[PDB]
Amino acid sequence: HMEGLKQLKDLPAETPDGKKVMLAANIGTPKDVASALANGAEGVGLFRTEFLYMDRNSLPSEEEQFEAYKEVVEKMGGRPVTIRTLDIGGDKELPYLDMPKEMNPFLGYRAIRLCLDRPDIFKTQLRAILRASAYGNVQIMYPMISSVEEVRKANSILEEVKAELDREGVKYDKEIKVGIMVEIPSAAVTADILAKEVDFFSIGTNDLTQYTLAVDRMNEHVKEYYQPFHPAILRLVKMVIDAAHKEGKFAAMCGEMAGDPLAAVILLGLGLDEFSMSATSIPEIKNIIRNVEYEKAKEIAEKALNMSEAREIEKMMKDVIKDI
């Protein structure tokens, strides 16, 4: 039941036996929206906001951020747009920040840790996001979360800015959903604790794999140690999905794995709610979903979770994709 792109665009990612999932786009600039919609994106599962901070000599103003966020939210016309707060560290050059030199920047002062130490930066971004939420379906997502304590600290600043907007008579979505990236292993291991205090999870498998295997995903000398289908990763993914569902929340994935045809059936079978990916990956994943029964996918996921080697998992999924 494979379909062509033109036919697929308006079709749902639904199994022949009625299991529906959401396919969304990852974007890094408002310019990416056109392609996302052209590929049938049902939302933006990850709006990377670093573009507003790069290649400039001062912080992006609240207004500039707001205009950027609003544009995307408007164009998505009601579809949910999940905006990830600043996720940057000392490995990038930002003339206006003054970041410490670090031996291991990926394990250092970055992302939510930077924002909590620089609430001036954080409040500005949160204000712009909140203001944009008046014009569509907006969700907030915190990156590099290691603990529920950090979520509470971040939410405290969020509530602070909400109160500011209230006093200023500025509109925002009072029901705005707030979730976290799951990419630090501790967040996956304690997803049950976090699930009680976040509206949703989005699994960042790029860095989850990096941290869980202790392998820099950019380091050529150990590239063979970077293994997304390592059983540990599948187990952590399952843990996050189950944890969200136990509390009646949703689990998304915006790591590259979500756009991987080899992973599609496993993710479907594990009960992943939302796949977020490069726009042009959407039709391919949709075709797979539409051509595999949910019950079959669950059997396949179960089989994958019982294997011991990434290699045999990949071999199995190669065959599955072959059969359709």
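Numbering starts at 1 and runs along the sequence shown.
Higher average CA B factor: 287 to 295, of the stretches 287 to 295 and 23 to 31.
Comparing 168 to 176 with 153 to 161, the stretch with the higher mean C-alpha B-factor in the PDB entry is 168 to 176.
Out of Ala36, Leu46, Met54, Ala263, it is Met54 whose C-alpha atom has the highest B-factor in the PDB entry. Highest CA B-factor among the listed residues (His245, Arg110, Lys123, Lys101): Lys101. For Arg118, the recorded CA temperature factor ranks within the lowest third of the chain's modelled residues. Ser276 sits in the lowest third of its chain by CA B factor, as recorded in the PDB entry. Remark: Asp207 belongs to the lowest third of its chain, ranked by C-alpha B-factor as recorded. Remark: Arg217 belongs to the highest third of its chain, ranked by C-alpha B-factor as recorded. Residue-level temperature factors show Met76 in the highest third of its chain, judged at the C-alpha atom.
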